[PDB]
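Before any comments, here is the structure.
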Amino acid sequence: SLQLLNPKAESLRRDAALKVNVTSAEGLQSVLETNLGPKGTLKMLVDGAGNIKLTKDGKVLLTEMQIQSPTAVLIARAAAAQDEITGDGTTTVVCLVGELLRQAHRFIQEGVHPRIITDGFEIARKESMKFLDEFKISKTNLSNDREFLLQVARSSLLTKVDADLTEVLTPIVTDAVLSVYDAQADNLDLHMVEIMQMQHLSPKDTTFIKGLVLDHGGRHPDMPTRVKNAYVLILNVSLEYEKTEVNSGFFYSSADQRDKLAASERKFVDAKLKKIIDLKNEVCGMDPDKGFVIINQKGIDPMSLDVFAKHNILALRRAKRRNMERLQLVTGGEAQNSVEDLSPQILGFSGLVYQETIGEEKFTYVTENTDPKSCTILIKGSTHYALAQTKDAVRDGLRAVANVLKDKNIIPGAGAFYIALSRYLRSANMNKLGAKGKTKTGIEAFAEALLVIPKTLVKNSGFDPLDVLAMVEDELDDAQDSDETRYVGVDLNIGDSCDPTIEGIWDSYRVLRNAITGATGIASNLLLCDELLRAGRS
Amino acid sequence: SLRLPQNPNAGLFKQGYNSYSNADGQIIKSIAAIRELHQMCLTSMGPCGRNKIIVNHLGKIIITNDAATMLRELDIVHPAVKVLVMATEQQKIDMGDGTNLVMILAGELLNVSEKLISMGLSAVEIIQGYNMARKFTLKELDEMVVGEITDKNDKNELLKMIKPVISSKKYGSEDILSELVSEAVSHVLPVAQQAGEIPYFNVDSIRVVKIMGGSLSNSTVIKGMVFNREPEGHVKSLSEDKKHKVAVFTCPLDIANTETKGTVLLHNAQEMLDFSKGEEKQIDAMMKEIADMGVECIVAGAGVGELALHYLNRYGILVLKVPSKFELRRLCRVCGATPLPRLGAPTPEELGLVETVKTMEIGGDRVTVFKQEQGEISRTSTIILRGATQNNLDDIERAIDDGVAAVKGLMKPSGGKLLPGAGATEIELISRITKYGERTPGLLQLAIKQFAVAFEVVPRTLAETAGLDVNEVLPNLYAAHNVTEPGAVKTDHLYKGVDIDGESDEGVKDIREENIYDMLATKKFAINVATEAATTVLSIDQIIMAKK
Amino acid sequence: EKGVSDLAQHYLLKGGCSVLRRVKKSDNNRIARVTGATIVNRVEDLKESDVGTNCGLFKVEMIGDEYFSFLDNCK
């Protein structure tokens, strides 16, 4: 009846629309089916502009490649939002949404109404939350165990890269989150850790730095490159050509006044420079061994750079805005806007300050701080895409470790959470649940879809997913009557099971909680959509 | 039956997106795609290597055999080839040496991997085979090193470093090209022995000036920088000697103008009559303080007005224009001067020293001579390069930069660490890795033994480009390495290498007399980049492209 | 409501004032209702009667997408 409303329109409903959500989500899951797992495939994206994106993150695949199918657009926005808050779960939600649609599609063809199928999803999901309380293991942060943070950080590292880059980046991420934990317990992920792309040596040479690093360096040669003790002065005011306010200008009567009025431009510049000299007169003690540096947020007039060169003062201009907020955490001083009020208390402290000039760009390194409140991670790579591959590998590992210190609990990985829900939902009595009659079928479709992820991990290893899970179910049968509580994982190397607690495989708490809740709402809205049409004014 | 389903449910992505996976022989096509550009760089390897012509979209022609330079102008399509292209560019920037080795070695690792994949080796086991074999490779390079550079500068020792590097790039005459580069290196060295200071070197200090005409034998080394400039007021040979006092101003020479609404204000005719003579007294008062200090030359960084150039010709002061920045920055390093923006009298301690400034015709235009003399040594010397064709002038400029980059390798490490040349470095590693493959049980020995087979390309390339049969010459070279080591020490058989043309049959005795060696710091990063370049291609199971 | 200079934030920080990014006109009407404040354009006419009070809590929580500032009412 749509052809009468619009001259030209396209629409698909009932069995035509039922194949839209099931088939489109099947082709999207197949792309990320080989992605999941540490042995998963590696994909490279090359656009028409010549850029190269090489990563295993499923979020980059969705954002770079356009999707014509509207069904995957709902999944792409759900998978992208999962990586935003929790830093993980992009490929997990896609495997949950795509599979749950197919597991429930077999009963739709049998004549079961989609609503009573989606109603069983909420009943089965609420049981996963009640089971989540007994499934999680409490961890006390008062012990300050470093080995616990090492095994959790290696979960996301072994997935993105191999053991070569994992052993290098494991102590770097651990040392970065070590300074995040404080007596205040507040964890701020953005200001504590950054990603700075620089091409030097090899990617395996990436090292950790305990102090802020900047992309700028001294323009004048006489500026000291290495300063033992430097006092960092935070200046947010810029000395340079101003907007001048509509450019009114000067008018000179005689040629002697022409050069007399030209000296007024340096009057305002030298006015703020005398305050810095007066501040240097307090720290003048032990001047040869110590030093004084200036870090500006905005560009500095090259006319005034020769003033700092005679006093051996390092000047930094055009610094980032976020870097101004971290100068109090690194050095320990305070920020100063107006130069009228200056005190030695706001001056920072650094034990080592040096600059390494590579190519045309010059970088400034700061380290050896008394009580540094923040640190950095210097990313090194051989190629442009190598900088992005490490950027996506480290950043995804930040939210995984940061979420551990937020709560007191941690979730074991290696498919131990998905297998436990299969035996829980299938063996649970329906009288306790609010679902009865045909709604019992919707719960079974949700429990069977959770067993594909542990089977997806095996598909990348080459082993038969059906035979490797036969020994997993047989171990959990005798474990209940033996008075032994042990979680069974999946080891892809030997094709047998394992223990995630002994092997060190752990997953974040916020990732799986938001993934199941997010994937359920996506698949439910797709099963409840019986018609897909396109209309609009263009 | 008439038309295929044409891959149903393919509307998930745009029609321009294509999916290529290691299955269906596409990983073999990716390796076969390397061989298209691999054979291009094989004929360019060695002193007998052949240069290539590449015409860009703008019409500029760059004739060079360097793999890093050739891949810049070429438009690359296949994604995994860009991994090999960008791998050669990093080797040229970092060490400035061993660019053709990274291109050839990374290409041969994929060729031998075609047989490894056909036998069923997974991509994971192949990567572990190269990583374990590369760690053993880097450890054997430090054991086989012989000799050292010791002292920084020497007349003879600099012929064992820059000369073998520039022998592959525009071979031509040996001693002619080696003396020109080795002379400019000794000038930029601070020396100061026994002082314990940290040595320093700059790869951008030595500048190559391309001047058409003449011959290569007429080239020389100039301690000062050479530019094409025309003196404004007058030309002076400056035969009055007693050197000179020179000052450099990064700001132009002219009356200071207000940055906002510069305007002449005259209220009455009394101020108008003194306005013309007022500006003349301003430059006179400013230029008088400079002339009183004995400054015979002034370097300007921008356009200078005519009123300022008048009084400069009164005292006989030369005028120099230094546009942009980097051109003016290296001028002060020669004379040791510190620029200041003001037009007032410079500080006597900031004035430079240049004994003579000459203007003569070289390539048909007037050039200014900043050349220094024995005393009052200067830094950042330039090399005048004379040639008939401009195409040869471009690659020789990069050939000199390869010798300048080799000097940087004498600073950061503990020494030069010379390695046997003529391909003897990669051949000795074959017998060592072969013994290493047997010492490791398991299935990983397949990738380790084939990793040493990829090193056979160096002796085969030097033998093929020399017009010799690789089947006769190469097995005859293993006769020296098949006898292992005798019951007595002092074994010189490690100096055997591949010879070009001549009488063939190995030859040139031991390369110790030939003086051609290789750098250890170059071979360290050349193997690491080439291995990671081939590992990246083998670590990608599926390739996705857009628009094509 | 509009942008703020980096010079004005210093003298406000010395006295204890807090600076924020420019605010749309739609949000200015909702803030005045919660704290009972009155919008004051003229700085010279600012008085204690138009200052908002009875604010429960002011906190900022970290979320990867954007920052979030909370203003609680004393009810």
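Residue numbers start at 1 in each chain; chains themselves are named A, B, ... in the order of the structure tokens; ligands are numbered from 1 in the order shown.
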Hey, what does DSSP flag as alpha helix (DSSP H) within chain C? Can you give it to me as a ChimeraX atom specification?
/C:8-15,25-34
Restricting it to N, CA, C and O atoms, dump the selection as a CSV table (one decimal), in the first residue's frame.
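Contents of the output file part-v6.csv:
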chain,number,residue,atom,x,y,z
C,8,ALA,N,41.0,36.6,32.7
C,8,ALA,CA,40.0,36.8,33.7
C,8,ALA,C,40.0,35.6,34.7
C,8,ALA,O,39.5,35.8,35.8
C,9,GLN,N,40.4,34.4,34.3
C,9,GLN,CA,40.3,33.2,35.1
C,9,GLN,C,41.3,33.3,36.3
C,9,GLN,O,41.0,32.6,37.3
C,10,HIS,N,42.3,34.1,36.2
C,10,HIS,CA,43.3,34.1,37.3
C,10,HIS,C,42.8,34.9,38.5
C,10,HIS,O,42.9,34.5,39.6
C,11,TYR,N,42.2,36.1,38.2
C,11,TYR,CA,41.7,36.9,39.3
C,11,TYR,C,40.5,36.3,40.0
C,11,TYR,O,40.2,36.5,41.1
C,12,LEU,N,39.7,35.5,39.2
C,12,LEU,CA,38.6,34.7,39.8
C,12,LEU,C,39.1,33.5,40.6
C,12,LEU,O,38.5,33.2,41.6
C,13,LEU,N,40.2,32.9,40.2
C,13,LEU,CA,40.8,31.8,40.9
C,13,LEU,C,41.3,32.2,42.3
C,13,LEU,O,41.3,31.5,43.3
C,14,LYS,N,41.9,33.5,42.3
C,14,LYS,CA,42.5,34.0,43.6
C,14,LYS,C,41.4,34.2,44.6
C,14,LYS,O,41.7,33.9,45.8
C,15,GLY,N,40.2,34.6,44.2
C,15,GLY,CA,39.1,34.8,45.2
C,15,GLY,C,38.3,33.6,45.4
C,15,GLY,O,37.4,33.6,46.3
C,25,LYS,N,22.0,29.4,25.7
C,25,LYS,CA,20.9,30.1,26.3
C,25,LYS,C,19.8,29.2,26.9
C,25,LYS,O,19.2,29.5,27.9
C,26,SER,N,19.7,28.0,26.3
C,26,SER,CA,18.7,27.0,26.9
C,26,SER,C,19.0,26.5,28.2
C,26,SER,O,18.2,26.3,29.1
C,27,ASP,N,20.3,26.3,28.5
C,27,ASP,CA,20.8,25.8,29.8
C,27,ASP,C,20.8,26.9,30.9
C,27,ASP,O,20.7,26.6,32.1
C,28,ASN,N,20.9,28.2,30.5
C,28,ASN,CA,20.9,29.2,31.5
C,28,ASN,C,19.6,29.4,32.2
C,28,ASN,O,19.5,29.8,33.4
C,29,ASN,N,18.5,29.0,31.6
C,29,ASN,CA,17.2,29.1,32.2
C,29,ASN,C,16.9,28.0,33.2
C,29,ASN,O,16.3,28.2,34.2
C,30,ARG,N,17.5,26.8,32.9
C,30,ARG,CA,17.3,25.7,33.9
C,30,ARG,C,18.2,25.9,35.1
C,30,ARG,O,17.8,25.4,36.2
C,31,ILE,N,19.4,26.5,35.0
C,31,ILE,CA,20.2,26.6,36.1
C,31,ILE,C,19.7,27.7,37.1
C,31,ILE,O,19.8,27.5,38.3
C,32,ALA,N,19.0,28.7,36.5
C,32,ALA,CA,18.4,29.7,37.4
C,32,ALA,C,17.3,29.2,38.2
C,32,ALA,O,17.0,29.7,39.3
C,33,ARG,N,16.6,28.2,37.7
C,33,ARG,CA,15.4,27.6,38.5
C,33,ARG,C,15.9,26.7,39.6
C,33,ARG,O,15.2,26.7,40.6
C,34,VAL,N,17.0,26.0,39.4
C,34,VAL,CA,17.4,25.0,40.4
C,34,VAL,C,17.9,25.7,41.6
C,34,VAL,O,17.5,25.4,42.8
Interface list for chain A, partner chain B, 6 Å threshold, only C-alpha atoms, as a list in words
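Taking only C-alpha atoms into account, residues 41, 42, 43, 44, 45, 46, 47, 48, 67, 68, 69, 247, 249, 251, 252, 253, 255, 259 and 262 of chain A sit within 6 Å of chain B.
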Include N, CA and C atoms and write out the residues we just selected as an mmCIF file, in the first residue's frame.
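In the end it all went to part18.cif:
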data_model
loop_
_atom_site.group_PDB
_atom_site.id
_atom_site.type_symbol
_atom_site.label_atom_id
_atom_site.label_comp_id
_atom_site.auth_asym_id
_atom_site.auth_seq_id
_atom_site.Cartn_x
_atom_site.Cartn_y
_atom_site.Cartn_z
ATOM 1 N N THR A 41 42.832 -13.305 13.062
ATOM 2 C CA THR A 41 43.437 -12.739 11.867
ATOM 3 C C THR A 41 43.704 -11.246 12.044
ATOM 4 N N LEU A 42 44.622 -10.736 11.229
ATOM 5 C CA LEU A 42 45.005 -9.331 11.232
ATOM 6 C C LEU A 42 44.576 -8.692 9.919
ATOM 7 N N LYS A 43 43.839 -7.588 10.011
ATOM 8 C CA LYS A 43 43.275 -6.916 8.849
ATOM 9 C C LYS A 43 43.920 -5.549 8.659
ATOM 10 N N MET A 44 44.123 -5.172 7.399
ATOM 11 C CA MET A 44 44.652 -3.865 7.035
ATOM 12 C C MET A 44 43.631 -3.122 6.186
ATOM 13 N N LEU A 45 43.453 -1.836 6.479
ATOM 14 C CA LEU A 45 42.516 -0.982 5.762
ATOM 15 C C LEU A 45 43.287 0.064 4.970
ATOM 16 N N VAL A 46 43.009 0.144 3.672
ATOM 17 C CA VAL A 46 43.632 1.120 2.785
ATOM 18 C C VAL A 46 42.523 1.861 2.052
ATOM 19 N N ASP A 47 42.412 3.163 2.303
ATOM 20 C CA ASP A 47 41.393 3.984 1.673
ATOM 21 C C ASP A 47 41.903 4.538 0.344
ATOM 22 N N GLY A 48 41.096 5.399 -0.279
ATOM 23 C CA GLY A 48 41.483 6.000 -1.543
ATOM 24 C C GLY A 48 42.494 7.119 -1.412
ATOM 25 N N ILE A 67 28.939 1.371 5.741
ATOM 26 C CA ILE A 67 28.001 0.255 5.746
ATOM 27 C C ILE A 67 26.691 0.731 5.135
ATOM 28 N N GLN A 68 26.296 0.109 4.022
ATOM 29 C CA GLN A 68 25.032 0.459 3.384
ATOM 30 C C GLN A 68 23.838 -0.169 4.091
ATOM 31 N N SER A 69 24.018 -1.339 4.688
ATOM 32 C CA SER A 69 22.915 -2.028 5.351
ATOM 33 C C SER A 69 22.530 -1.295 6.628
ATOM 34 N N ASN A 247 43.426 47.730 14.491
ATOM 35 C CA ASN A 247 44.639 48.332 13.936
ATOM 36 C C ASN A 247 44.471 49.846 13.764
ATOM 37 N N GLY A 249 46.832 52.350 15.122
ATOM 38 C CA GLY A 249 48.163 52.620 14.612
ATOM 39 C C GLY A 249 48.789 53.873 15.194
ATOM 40 N N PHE A 251 51.049 57.594 14.438
ATOM 41 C CA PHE A 251 51.273 58.707 13.524
ATOM 42 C C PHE A 251 52.422 59.545 14.065
ATOM 43 N N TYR A 252 53.510 59.624 13.304
ATOM 44 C CA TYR A 252 54.711 60.336 13.719
ATOM 45 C C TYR A 252 54.849 61.636 12.939
ATOM 46 N N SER A 253 55.231 62.702 13.644
ATOM 47 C CA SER A 253 55.384 64.006 13.006
ATOM 48 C C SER A 253 56.706 64.116 12.254
ATOM 49 N N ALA A 255 60.825 62.209 11.414
ATOM 50 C CA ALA A 255 61.509 60.929 11.266
ATOM 51 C C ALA A 255 62.092 60.444 12.587
ATOM 52 N N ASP A 259 61.064 56.226 14.570
ATOM 53 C CA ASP A 259 61.778 55.220 15.347
ATOM 54 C C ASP A 259 61.507 55.340 16.839
ATOM 55 N N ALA A 262 58.400 53.294 17.336
ATOM 56 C CA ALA A 262 58.627 51.877 17.083
ATOM 57 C C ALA A 262 59.102 51.136 18.324
#
Write out as a list in words every residue belonging to chain A that has an atom at most 7 Å from any atom of chain C, counting only C-alpha atoms.
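Here they are: residues 84, 85, 188 and 337 of chain A.
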Deliver the residues from the most recent selection as a file, using N, CA and C atoms, as a CSV table (one decimal), in the first residue's frame.
chain,number,residue,atom,x,y,z
A,84,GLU,N,33.8,2.9,23.9
A,84,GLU,CA,34.0,4.3,24.4
A,84,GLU,C,34.1,4.3,25.9
A,85,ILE,N,33.1,3.7,26.6
A,85,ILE,CA,33.1,3.7,28.0
A,85,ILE,C,34.0,2.7,28.6
A,188,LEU,N,41.8,9.0,37.3
A,188,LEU,CA,41.6,9.9,36.1
A,188,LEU,C,42.5,9.3,35.0
A,337,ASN,N,49.1,32.7,35.5
A,337,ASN,CA,48.6,33.4,34.3
A,337,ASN,C,49.2,34.8,34.2
Using only C-alpha atoms, determine which residues lie at most 8 Å from residue 60 of chain C, disregarding the query and same-chain residues fewer than 4 positions distant; provide the list as a PDB file with N, CA and C atoms, in the first residue's frame.
ATOM      1  N   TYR C  67      33.514  14.950  29.591  1.00  0.00           N
ATOM      2  CA  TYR C  67      33.377  15.219  31.012  1.00  0.00           C
ATOM      3  C   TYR C  67      31.922  15.528  31.351  1.00  0.00           C
ATOM      4  N   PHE C  68      31.583  15.368  32.628  1.00  0.00           N
ATOM      5  CA  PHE C  68      30.235  15.655  33.099  1.00  0.00           C
ATOM      6  C   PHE C  68      30.302  16.345  34.451  1.00  0.00           C
ATOM      7  N   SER C  69      29.619  17.481  34.565  1.00  0.00           N
ATOM      8  CA  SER C  69      29.575  18.266  35.791  1.00  0.00           C
ATOM      9  C   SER C  69      28.191  18.149  36.414  1.00  0.00           C
ATOM     10  N   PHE C  70      28.150  17.839  37.706  1.00  0.00           N
ATOM     11  CA  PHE C  70      26.905  17.604  38.425  1.00  0.00           C
ATOM     12  C   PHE C  70      26.623  18.762  39.372  1.00  0.00           C
TER      13      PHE C  70
END
Quick check, in Å to one decimal: how far apart do atom CA of residue 192 of chain A and atom CA of residue 57 of chain A lie?
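Between these atoms lies a distance of 23.2 Å.
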Apply DSSP to the backbone of this structure and, from chain C, keep only the residues in strand (DSSP E); write these as a ChimeraX atom specification.
/C:55-61,68-73
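If you count only C-alpha atoms and ignore residues fewer than 4 places along the chain from residue 384 of chain A, what sits within 8 Å of it is residues 52, 199 and 388 of chain A.
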Could you list, as an NGL selection string, every residue within 6 Å of residue 224 of chain B, counting only C-alpha atoms and ignoring same-chain residues fewer than 5 positions away?
:B and (370-372 or 381)
List as a VMD selection string the protein and nucleic acid residues near segment 449-463 of chain B, meaning an atom at most 9 Å away when only C-alpha atoms are counted, but skip any in the same chain fewer than 5 places from it.
chain B and resid 42 to 43 45 to 49 101 104 to 105 108 to 109 111 to 113 116 129 to 130 133 to 134 422 to 424 426 to 427 429 to 438 468 to 471 473 to 474 497 to 501
If we count only C-alpha atoms and set the cut-off at 12 Å, which residues sit around residue 74 of chain C, ignoring sequence neighbours fewer than 5 positions away in its own chain? Please answer as an NGL selection string.
:C and (34-36 or 52-58)
Take atom CA of residue 115 of chain A and atom CA of residue 515 of chain A and report the distance between them in Å, one decimal.
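So the two atoms, atom CA of residue 115 of chain A and atom CA of residue 515 of chain A, lie 21.6 Å apart.
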